[PDB]
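Student: below is the sequence, then the experimental coordinates.
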Amino acid sequence: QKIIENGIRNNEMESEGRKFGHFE
Amino acid sequence: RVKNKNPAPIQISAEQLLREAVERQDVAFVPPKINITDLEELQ
């Protein structure tokens, strides 16, 4: 459960990491 | 006058040929990583 959940959270933050690192 | 028969100061060498041929390669193809946002695509 926790490994799946950590995978999920990493996935949304990397999906939003495109906006975060859009210009760098 | 495009008739400069003068031998070049830098002659073409074989190792130069292989090096600049290999130079056509680039970094490994980078695909945008898939985002597993829910449980079913994780499965």
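Tutor: Structure's in. What do you need? Numbers count the residues shown, from 1 in each chain, chains lettered A, B, ... in the order given.
Student: and residue B:12, what are its phi and psi?
Tutor: Listed backbone geometry of residue B:12 is phi -70, psi 130, with angles given as degrees, to the nearest 10.
Student: from residue B:20, how far off is it?
Tutor: Computed with C-beta to C-beta, to the nearest Å, the distance linking residue B:12 and residue B:20 is 10 Å. For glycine as for every other residue, the C-beta is placed from the backbone atoms N, C-alpha and C.
Student: what of residue A:20?
Tutor: Taking C-beta to C-beta as the criterion, residue A:20 is separated from residue B:20 by 39 Å.
Student: how about residue B:29?
Tutor: The span separating residue B:29 from residue B:20 equals 22 Å under the rule C-beta to C-beta.
Student: name the residue in these two with the higher neighbour count.
Tutor: A direct count of neighbours by other C-beta atoms under 10 Å in any protein chain shown for residue B:29 and residue B:20 places residue B:20 higher, at 10 against 5.
Student: and the more buried one, what element?
Tutor: Counting by DSSP states H and E, the element that carries residue B:20 is helix B:14-22.
Student: ditto for residue A:7
Tutor: Using DSSP H and E, residue A:7 falls within helix A:2-15.
Student: buried residues, the helix or strand following that helix. List them.
Tutor: On the C-terminal side of helix A:2-15, the nearest following helix or strand under DSSP H and E is helix A:17-20. Of the residues in helix A:17-20, none has enough neighbours to count as buried (16 or more other C-beta atoms under 10 Å in any protein chain shown).
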